[PDB]
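In the structure tokens that follow, the same protein chain appears in two forms, which are kept apart as structure 1 and structure 2.
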Structure 1
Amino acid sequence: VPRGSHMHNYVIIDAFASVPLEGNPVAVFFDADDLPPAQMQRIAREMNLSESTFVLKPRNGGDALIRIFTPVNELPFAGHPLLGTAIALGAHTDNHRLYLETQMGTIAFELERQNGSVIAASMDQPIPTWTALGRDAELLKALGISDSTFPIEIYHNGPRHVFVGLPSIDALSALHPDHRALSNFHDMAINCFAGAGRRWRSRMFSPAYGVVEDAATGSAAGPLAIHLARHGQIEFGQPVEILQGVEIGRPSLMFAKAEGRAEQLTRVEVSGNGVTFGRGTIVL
């Protein structure tokens, strides 16, 4: 029974995974031009996934304009939701590349297909800026630890991401943050990392963005590759694999590479697999 003038089709994509029930889900809503943004926000709250996206007609030469909502706020750019959106739209085109307009500009995607299905995509992210957070004691207390292995810096590529280093994967898994205390950190996500060489583990916490713990924070993957190189953990330009979401039962694998030098970054690439979990229609 419709409860509006338009129904909307949607697909659920598990981003940063090659099998369903892993990765980070995103609900992608098609033909969304009739929806007021306040209604988009309410739909995102209804789905209760880390993000829902809304596919709109392009306005600046791209293939589509995408608006991105967490359960509580709109974001101007986000990695897992746009990866899932690109994979979902990939089912309706033969094109190798897709150009998704966002509030941070047009994001270029390269799609990978196997046996007629889009199985993965790679994006060029906005090049982030960064500075010291300057709230170290407060943040470490909220996380329940005494120190970060590296300087605590906050990066901006639309959302904001703070990085806190842990000395081992066991120490990362042992974190039990005070999420009420973390709620004093507005308009940012807290990304905690540990690992070595090519392979890193992450956990992300963001009351500001409406989620206790997120499974795959794609817009943090590019900045982490920069952060690791700036602090001598990898060489600049080394590709990394970032496994997030293990503790919450949503293992997600993000691939990232940042080209250049800290003061002259030229590209920040993030890629991953994705798979369709479901499809449906909503009544408004």
Structure 2
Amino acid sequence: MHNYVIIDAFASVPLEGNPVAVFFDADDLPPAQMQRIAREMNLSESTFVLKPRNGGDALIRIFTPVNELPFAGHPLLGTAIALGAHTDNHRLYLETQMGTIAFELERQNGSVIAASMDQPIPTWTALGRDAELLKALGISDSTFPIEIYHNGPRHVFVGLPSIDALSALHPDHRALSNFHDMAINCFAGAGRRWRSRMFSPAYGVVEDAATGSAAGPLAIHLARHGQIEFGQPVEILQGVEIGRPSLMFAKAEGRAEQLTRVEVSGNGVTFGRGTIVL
């Protein structure tokens, strides 16, 4: 049997944020069985905690209901928060297909309430499909350049001129399905405070609660386009329109041509705990 916990990542209140199921002591599960369990749970992702293979604290395998992923933000944040309940360490090194990811755990009275992660440094380029994407979103233009970032998944960023304009979007999800292997992240805000909405037929998401792997890229995008500086953190509020408000904090250090660190942090909270029969 296996114990699991359901963590709402990028939230401090249950039923907010973005859920992940975390399965402990998973070394006896073949990968095909992990995939079947992730399909059974049908959450955005289920993760599985394994013994480390390269000097980290644990190896984490990440599964959507259909495929394994090499890296994902909210699932790894939730995993760090869940595992932090079972260690006294101030930081946790979680091995993934993309390498060993460092977390810094934040506790109050032994309970891990938040964590910060160092993400893969993304690459980026112009999407080059602006008219098609804007038509699918139902708008005439973006504020800032429409660029697509890669850090495992791919994330496109489209800027809106106000938070009210962001909330008013009603995208044509059929038209968005022509955008393969990417998520579409629409954003608005100013200064330290930004709002986002994410849509991705390709990744099986009508509209996402908290797209943690997009938070780092968004900080880079805002710094490149002069809205913040490199080294300054932003607070990104996502998921409001779908009733799953999520707070992601992100910072990118260095300069566009020589990024040295991309950090993303958030709260997490336990929604439930249980045991499965295999």
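Each residue is numbered by where it sits in the sequence of structure 1, with counting from 1. C-alpha atoms forming the largest set that superposes within 1.5 Å between two forms make up the rigid core.
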Open item on the list: Superpose on the core and compare between structures 1 and 2; which one of 253, 47, 246, 229 crosses the 2 Å Cα shift mark?
Closed with: 47
Open item on the list: My question is whether residue 73 is one of the residues whose C-alpha shifts by 2 Å or more between structures 1 and 2, given a fit on the rigid core.
Closed with: yes
TODO: Please state the CA displacement of residue 274 between structures 1 and 2 in angstrom, with both forms fitted on the core.
DONE: 0.3
Open item on the list: Give the rigid core superposed Cα shift of residue 57 between structures 1 and 2, in Å, rounded to one decimal.
Closed with: 2.8
- [ ] Give me the C-alpha shift of residue 36 between structures 1 and 2, core superposed, in Å.
- [x] 4.4
